[PDB]
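First comes one chain, alone, set out as structure tokens in the form deposited in one PDB entry.
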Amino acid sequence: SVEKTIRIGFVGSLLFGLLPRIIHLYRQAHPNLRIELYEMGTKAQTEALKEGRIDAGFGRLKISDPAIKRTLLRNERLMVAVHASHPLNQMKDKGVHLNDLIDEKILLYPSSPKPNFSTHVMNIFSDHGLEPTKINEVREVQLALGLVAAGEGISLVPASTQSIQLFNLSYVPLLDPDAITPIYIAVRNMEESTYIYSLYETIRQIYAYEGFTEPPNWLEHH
């Protein structure tokens, strides 16, 4: 007996973070629900929500539309993926700053419509009057990491990319406080169903385990 099908849009990179354990726990606690997962970019999620193709969208862009509302879940730290022989890797335990990377061969990704993670990264550089001269855009994250592991350059990546460990690939912390990539949950701009509120609580629960501290009024009830 399925009480309801809940449909969830998500950006692909979130699979390397908490998304799967959140969905697994949500399913487990709510065996009366059928949950369907649809990979789609943040802009695509907006249209999908409006016409009911999905019920919640987990995205990385803050893109306003009156018919949608969103809540920032957390800011994920960025890191520098480097070859283990790279000078920057001597700072693995201490971290580095964006201005240390301006003369390095940087692999941006993905190849997809902009804005995306690539523009996101370049905007953080531009916010501090930094203009990396050696830039190359590649198809997606694992191509970027493979090329770093091969000796082709370095890449800025979400911290949860560390789910991928390749031989002679290292991840160096980036210390600039604004060196982050957000995670949002977006829903239609109306009162959330009992089912979506249940999803909020699952996120709350996992976040508490991760020791994340809740901001004021974070994920409403009722």
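Between two forms, the rigid core is defined as the largest C-alpha subset superposing within 1.5 Å. From 1 onward, residues are counted along the sequence shown.
Tell me which stretch has the larger mean Cα B-factor in this entry, 192-200 or 150-158. The stretch with the larger average C-alpha B-factor is 150-158.
Could you check the entry and say whether 203-211 or 16-24 has the higher mean CA B-factor? Comparing 203-211 with 16-24, the higher average CA B-factor belongs to 16-24.
Modelled-residue ranking by C-alpha temperature factor, third containing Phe167: It falls in the top third of the chain.
Among all modelled residues of this chain, ranked by Cα B factor, put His30 in the bottom, middle or top third, i.e. lowest, middle or highest. It belongs to the middle third of the chain when residues are ordered by C-alpha B-factor.
For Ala48, the third of its chain into which the C-alpha B factor falls: Lowest third of the chain for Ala48's C-alpha B-factor.
What third of the chain does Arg77 rank in for C-alpha temperature factor, lowest, middle or highest? Tercile = middle for this residue's CA B-factor.
Split into thirds by Cα B-factor across the chain's modelled residues, where does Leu175 land: lowest, middle or highest? Middle third by C-alpha B-factor.
Quick note: we don't show the form deposited in another entry, though the next part is all about it.
Displaced residue check between this form and the one not shown: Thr71, CA, 2 Å or over, core reference: Not so; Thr71 is displaced by less than 2 Å.
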